[PDB]
Amino acid sequence: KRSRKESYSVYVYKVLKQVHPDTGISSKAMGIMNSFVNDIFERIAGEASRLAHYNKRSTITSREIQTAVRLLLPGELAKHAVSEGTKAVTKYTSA
Amino acid sequence: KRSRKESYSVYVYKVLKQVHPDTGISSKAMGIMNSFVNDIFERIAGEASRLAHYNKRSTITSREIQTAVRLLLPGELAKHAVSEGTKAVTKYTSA
Amino acid sequence: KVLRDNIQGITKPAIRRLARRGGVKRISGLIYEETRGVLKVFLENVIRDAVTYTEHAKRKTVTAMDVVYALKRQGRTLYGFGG
Amino acid sequence: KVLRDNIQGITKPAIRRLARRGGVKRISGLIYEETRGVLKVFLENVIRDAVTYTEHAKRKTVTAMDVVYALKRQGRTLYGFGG
Amino acid sequence: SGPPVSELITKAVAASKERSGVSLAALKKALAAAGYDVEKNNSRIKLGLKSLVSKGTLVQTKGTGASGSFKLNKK
Amino acid sequence: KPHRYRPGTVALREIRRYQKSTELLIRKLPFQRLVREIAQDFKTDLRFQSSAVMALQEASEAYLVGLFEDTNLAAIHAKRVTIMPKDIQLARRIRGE
Amino acid sequence: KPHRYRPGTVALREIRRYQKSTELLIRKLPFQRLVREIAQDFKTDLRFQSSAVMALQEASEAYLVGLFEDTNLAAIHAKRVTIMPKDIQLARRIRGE
Amino acid sequence: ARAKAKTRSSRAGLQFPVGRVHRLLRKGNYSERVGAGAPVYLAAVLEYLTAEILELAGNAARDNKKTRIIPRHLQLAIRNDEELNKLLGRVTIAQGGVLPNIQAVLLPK
Amino acid sequence: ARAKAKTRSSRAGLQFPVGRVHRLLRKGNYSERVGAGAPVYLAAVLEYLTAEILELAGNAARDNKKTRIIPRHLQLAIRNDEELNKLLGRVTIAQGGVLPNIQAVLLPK
DNA sequence: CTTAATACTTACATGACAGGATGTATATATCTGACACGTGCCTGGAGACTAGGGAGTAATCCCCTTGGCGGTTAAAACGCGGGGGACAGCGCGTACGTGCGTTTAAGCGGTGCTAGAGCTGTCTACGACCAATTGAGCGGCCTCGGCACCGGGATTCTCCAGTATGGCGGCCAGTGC
DNA sequence: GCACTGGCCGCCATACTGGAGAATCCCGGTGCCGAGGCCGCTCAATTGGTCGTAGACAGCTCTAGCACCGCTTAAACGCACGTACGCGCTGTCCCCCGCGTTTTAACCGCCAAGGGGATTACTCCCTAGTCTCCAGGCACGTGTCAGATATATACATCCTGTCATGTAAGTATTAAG
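Residues numbered from 1 in each chain as written, not as in the entry; some residues may be left out. Chains lettered and ligands numbered in written order. Heavy atoms only, no water.

This entry, as listed in the PDB, derives from cryo-EM and reports a resolution of 4.4 Å.

## Observations regarding the overall build of chain E
Selection criterion: A run of DSSP states H or I qualifies as a helix once it reaches four residues; a run of E qualifies as a strand once it reaches two. Both are numbered from the N-terminal end. Per-residue accessibility, obtained with a 1.4 Å probe over protein chains only, is compared with the maximum for each type, and a residue is labelled buried under 20%, exposed over 50%, and partly exposed between these values.
A count of helices and strands for chain E gives 3 helices and 3 strands. Overall, chain E shows an N-to-C arrangement of helices and strands of α-β-α-α-β-β. For chain E, the spread of C-alpha atoms along the three principal axes comes to 30 × 20 × 20 Å. For chain E, the proportion of its 75 residues judged to be buried stands at 20%.

## Things to note about the protein's contact with DNA strand J
Rules: One heavy atom within 4 Å of a molecule or strand makes the whole residue count as near it. For the purposes of these results, a polar contact is taken to be a pair of N or O atoms within 3.5 Å, where, inside protein, one atom must be able to donate a hydrogen and its partner to accept one; residues adjacent in sequence count only when each atom of the pair is a side-chain atom. All residues other than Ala, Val, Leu, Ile, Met, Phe, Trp, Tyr, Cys, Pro, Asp, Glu, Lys and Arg, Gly among them, are scored as polar; the first ten of these are nonpolar and the last four charged.
Within the structure, DNA strand J sits among 102 residues, and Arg4(A), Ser27(A), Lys29(E), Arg6(F) and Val34(H) are positioned closest to it. Here the atoms of DNA strand J within 4 Å of the protein split so that 96% fall in sugar or phosphate, with bases taking the remainder. Measuring from a phosphate oxygen of DNA strand J, one finds a backbone N or O atom of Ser58(A) at 2.7 Å. Backbone polar atom of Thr82(F) to a phosphate oxygen of DNA strand J: 2.5 Å apart, as the coordinates give it. Taken together, the residues that form the surface near DNA strand J break down as 24 nonpolar, 28 polar and 50 charged.

## Observations regarding helix 3 (residues 64-73) of chain C
Our working rule: A contact between two residues is defined here by any heavy atoms of the two lying within 4.5 Å.
By the criterion of burial, helix 3 of chain C is predominantly enclosed, with 7 of the 10 residues buried. Turning to helix 3 of chain C, its buried residues number three or more, namely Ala64(C), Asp66(C), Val67(C), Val68(C), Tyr69(C), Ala70(C) and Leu71(C). Where helix 3 of chain C is buried, its residues meet helix 2 (27-54) of chain A, helix 2 (31-54) and strand 2 (61-62) of chain C together with helix 3 (50-77) of chain F. Looking one or two residues past helix 3 of chain C, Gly75(C) carries a phi angle of roughly 80°, positive in sign.

## Topic: the interface of chain C and chain F
For clarity, the cut-off: Defined in terms of a 1.4 Å probe, buried area is the accessible area two parts forfeit on being brought together, summed over both. Each salt bridge in this description consists of a side-chain nitrogen of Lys or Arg and a carboxyl oxygen of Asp or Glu lying within 4 Å of one another.
The interface of chain C with chain F comprises 45 residues on the first partner and 53 residues on the second. Overall, the association of chain C and chain F removes approximately 4,800 Å² of surface from exposure, summing both partners, and the carbon and sulfur fraction of that is 71%. Of all residues in chain C, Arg17(C), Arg21(C) and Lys60(C) bury the most surface against chain F, accounting for 16% of the area lost on that side. Where chain C meets chain F, there are 0 salt bridges. Across the chain C-chain F interface, the total number found is 14 residue pairs in polar contact.

## Considerations on the protein's contact with DNA strand K
Not every one of the 93 residues close to DNA strand K is listed here, only the nearest: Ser58(B), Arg16(C), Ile27(C), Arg27(G) and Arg26(I). Backbone atoms, meaning sugar and phosphate, form 95% of the atoms of DNA strand K found within 4 Å of the protein. With respect to DNA strand K, the side chain of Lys1(D) contributes an N or O atom lying 3.2 Å from a phosphate oxygen. A distance of 3.0 Å separates a phosphate oxygen of DNA strand K from a polar side-chain atom of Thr9(G). Looking at the surface near DNA strand K element by element, the count peaks at 4 residues for helix 2 (residues 28-39) of chain F.

## Thoughts on the sheet that holds strand 1 (residues 22-23) of chain E
Residues and elements named next belong to chain E. The criterion, for reference: Note: two strands are recorded as paired if DSSP finds a minimum of 2 bridges between them.
In spatial order, the strands read 1-3-2; together these 3 strands make up an open sheet with antiparallel pairing. Sheet topology places strand 1 and strand 2 (58-60) at the edges, where each strand pairs with a single neighbour. Relative to strand 3 (residues 69-72), strand 1 is paired through 2 bridges, and the arrangement is antiparallel. Considered in strand 3, the bridge of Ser23 is made with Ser69.

So, in structure tokens, the structure goes:
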């Protein structure tokens, strides 16, 4: 009898096989990716909450998260992450 | 008129009058006291939220902010602030 | 309307006064332009942040609290205008 | 069960190996004791933080997850230990 | 009081007479070992070295002025 | 003869003078001009509170002045008393900028 | 006559070897002992997860290596190829520690 | 037939408001539930910290023969306490300046 | 009677879990309400960032002619990209090492 | 006859190049457990619907920001001087670096214990929600005295003109040849 | 008698010391505007009750840390010699501070105007909750090849020997006074 602990093993593995069908991982690198996804999610979510604090807003929408993305992410990665997020919310709205 | 803008005028002024009845403040220095109290409140509140998060606790109790103030404030500042916090909470349990 | 060079508006005596606050006895001649560079980098970083808050608020006026938050993100928190 | 002066357990060739990873071409012999002191001071910082988490959790066993919190709270974030 | 420094510098350069000239730090050590307050006579020994190189009694091997190595003349 | 103090002791006197002091060290309105011209490169016709330009000012000389005691330590560390640009990249890189 | 390299060439060889390599660089057991010794001072009868002491090992080596490249920057800034503890004090105090 | 409206700051004998700090913790989004002793403990901590920094500012003002404290006094007070300086190592005081502290080699012979 | 279940990540055409990230935001204590596009946008950002770093890691492992990535590859990828370096300057990777990096004066001649 | 100029010739420092040693790549065998894939599952994700509420958006107003003109002056700018700082060369002294043996204690493999980590059930304390209240705290106003601004004398801090000291030079007289 | 030479005295370069200038400290005077205290207001803390639920306590289990033990070498250590580096002195060059004069635009201050922040109101877009239901990743089992490890070649590099060369130094010659 065990209790489940949630992680991103299949998700990172799927994204890797999308970008590299022929490349594997170690378990250690997967632990690094789990720490990374949790850390970056933590940073974006904290800054989004702090922005919602600043504008006295109780709602988090994609505008605030996109604001945090331009705020924290340096350089061209900002324009990129806005690009895929905008395309993704475009399909999500059209679905 | 105008909507009320909440501030930390009266409490810091009364603390000054207890520690030094005779002296005064500038309003600019008083704004630095407002910023100080807000910043320390944000630090302690964020650490309390993290400790409630980490131990899967739904509550903010005196124990975890005690943990936080032991983390942040160095040395005898931490030990004394523990001392006034404990005597204050025991006085509050005495209503 | 348009401005092309105001970074030379931070004058050499002003930089000298800043170094005198820093305890600097002697300033090389090559100091001033790279101090202009580091200050335009710092101002660049803080106003990109503060502006990002500024049209995040749907407001066209830069407020002091925005500069406070921009420094608070950037690890260089400022006391005096909190609120 | 009693532990006395295990600071010299961080051996001198270990410090030399770290300096080789640190890119140090040549090391003074005076270096080692202050490196021990610096790493020591860092250890009371992180272990005090970790135990503050630990008997915050009312546990007698120190976990790696609490160490991850201690390093994150120090602004020295570590990856690969369940965080 | 005693005699002036210059002849003691001649004994300093004639003490070893190795392949290169005797150097500034070496002659300071030689005067210290023979017994002299080289601490308060740095300008004195600089002017002495410049005086002796100007008269040609000693010649300088590598350095310039009071620095480098000084060796005795040809004859 | 006209009187003249030797170099540096005047400079130490301004060190003491501005170091005990509290006021602004740079001109206000050229700073406002610089802030507006560098700001308009992101969003056009940005308007600034006077308090906002003020705040950005003392934040600016705060970061600059901290950089100069850091480079001061760099300068004495190299057995020098005049700061140099290489001291600046040293301080910037040790801070991890 | 046996082989002998000139100084530094071997040293650069450990630089390439260890900076290429990724393993834990200090001994495991005395580091475990030192963590136990320090932790005894703050709370009695502490037990440690082995993974926790490992996490201390990478954290400590990362902190130390970062200070050592900072020290190298300080030493080359002072025109030296040999570091002194004053370099480490400089790096710590510029870092704000 | 309600009893007299008394205050929790008077209940703890403290000056900082238990009610306002409790409200800020509720709406600062840190947990959905907050125990009752937490705002009391927090207000005590804030009052203690203000206690030293205000008395040190007043002492430095009295050294400067001012009965009104100035941000310069605040900077002088906050940088002269090593633990508080560690607490605010990253913090900028407006119009605060720096300590009078020059390196030994900067002075003449 | 009931529509067949369709996952929101597949609706967005993304691998990263819309539902799990949304649920984490509910129990990460960040806001009372979360807009619908916010977790989708966050999932897209995370998926892009992970894709980019995994692409760099796979390229580096291919340069090391290794089929599977190890944290040394992650270190090598994260340090030689300036935007990623500025993203993760303060982050330490276990068993990662550092870049092959020698100073100019340290070399012979 | 003498004695310094000058060419001539040789030993030593320096440098260019070959070559071995050795460490590090580089090519091939092998086994293995960590990675990767197949399986039960159940619970976290999803769908519908609805109560409700934050928030988007229009109106306005006033206020605070922006634009512009005159004086004035202190600060910015330019130039001379010069003294002070940087720094390169060299040289010494030493202080680690590297290379040998040696001790040892980490490292590894194997056994056994238990103390506590963690899961499960209970419930009981305990904290959120909400209607009504009131008084504590905040907007507004108005005075005054601590303090900014200003003026005048002392004191201390700076730098130079003038003195005391050490070293250099010159002269003389004693003495030996 | 004469020339050498040591000793002694006179003169010059270099390090103490008092004195003048002046920057700032220290003392009054003055007028003022921010602190601070009072007054009216309003909204947020309070109080009390309910109600649902979060973690504290108990208890059980099992597992991973701890303790112990025996080989087994890798590494720690120590030493010794060597060479390479830190730094100190000096000299040299030149670069930036101090100060004086000229200029300009910053500051104030004074007025005009309007952009937008900000506040209120309204109506609505959206989201959270809940019930039900199902499929996707998680726990877990298994097998299996990428890589760890081991063994044999081959170059890199790096230190050193070895020969050619520049250069310093010793030397005969000789020409002129």
